[PDB]
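Just one chain is shown here, as structure tokens, and it is the form solved without the DNA.
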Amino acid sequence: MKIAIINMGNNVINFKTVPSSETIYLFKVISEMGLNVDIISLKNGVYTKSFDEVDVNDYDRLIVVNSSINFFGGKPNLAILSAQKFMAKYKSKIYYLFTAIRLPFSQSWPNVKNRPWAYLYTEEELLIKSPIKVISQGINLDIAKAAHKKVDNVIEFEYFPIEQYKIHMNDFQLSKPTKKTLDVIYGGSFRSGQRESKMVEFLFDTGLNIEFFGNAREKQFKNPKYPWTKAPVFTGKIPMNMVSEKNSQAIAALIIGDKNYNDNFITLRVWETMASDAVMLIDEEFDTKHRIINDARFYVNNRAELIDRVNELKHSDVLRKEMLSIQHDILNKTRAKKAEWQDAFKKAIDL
């Protein structure tokens, strides 16, 4: 029973990019699950084997982490091309991990064929014909179906909380009490639409000492629909394996909703925040039924609530430590179901 996992459009090497990090972490939990798996990427490396040195059919299961197939600058992207070439060669069912709503499986061929460099690839090389099973991180399978209407070889859908991969790691560790230098923190990237609207709502013009780390930049928030005067401080990106420690520098860390994610997906951020030394504050819209934690104090409806909640935390160290104690307990309750999570994953990939 040999398993192969690949990222469909991003080179995998270390934890310096989210796509690479996610692929490696998934590789790790699958291995720790007692399964034989290899990550196949562009070149051999610490965690990977290269496409050019393995036969895709020496594997019994092919797992693919979602990615975009857009060609930056209209030029060839080997990460995308080599992965799809690998996928098109596979003759069994493909398991597509849907962790980002905007990244549904898509064929690169229709795009490539009209490129000036189309001479480099044939339809047979890139056209993926194997049946595909979408493993949706979101509980709402209709959202997954809707996103995959343009591809007809996707004939199965199943929900699985993929994002719990960090908390089930053998070396997982809660963050310890950390000296506070921030009131609120958020580590991530800029995204248009509702996410943008909400980032402005919860992180801008708050009057609090807020930091936004990651790939975001103040200049990206220029939509007249979401006006702001004072922005939070933006700092650079850090490796994914240091996110919870970074979150810990703040009194509170935020979970912000987005269209189609609300009451559907639980995102990696939820666990990274819950496991940190920062109190987890959640955008009410993201989890209206309070499925994450049945305690209203961890939820903020708007900029006003956030400000008050944060002040309440700044004014009562006991309240802060109490909420941390509770979120940490709730986190471990999910961690205690590791065996169930592992069994559900195996079932998801027909094992």
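Each residue number is its position in the shown sequence, starting from 1.
Here the subject shifts to the form deposited with the DNA bound, a form of this protein not shown in this document.
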| property | result |
| --- | --- |
| Interface membership of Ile330, the DNA in the deposited bound form, 4.5 Å heavy atom rule | no |
| Contact flag, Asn223 vs the DNA in the deposited bound form, heavy atom cut 4.5 Å | no |
| Non-hydrogen atom contact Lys337 with the DNA in the deposited bound form at 4.5 angstroms | no |
| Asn14 within 4.5 Å of the DNA in the deposited bound form, heavy atoms | yes |
| One stretch from 176-184, 154-162, 268-276, 209-217 that, in the deposited bound form, holds residues within 4.5 Å of the DNA by heavy atom | 209-217 |
| One residue of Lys93, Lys237, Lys145, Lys89 in contact with the DNA, assessed in the deposited bound form (non-hydrogen atom, 4.5 angstroms) | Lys237 |
| Stretch 17-49: residues contacting the DNA in the deposited bound form, 4.5 Å heavy atom cut-off | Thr17, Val18, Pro19 |
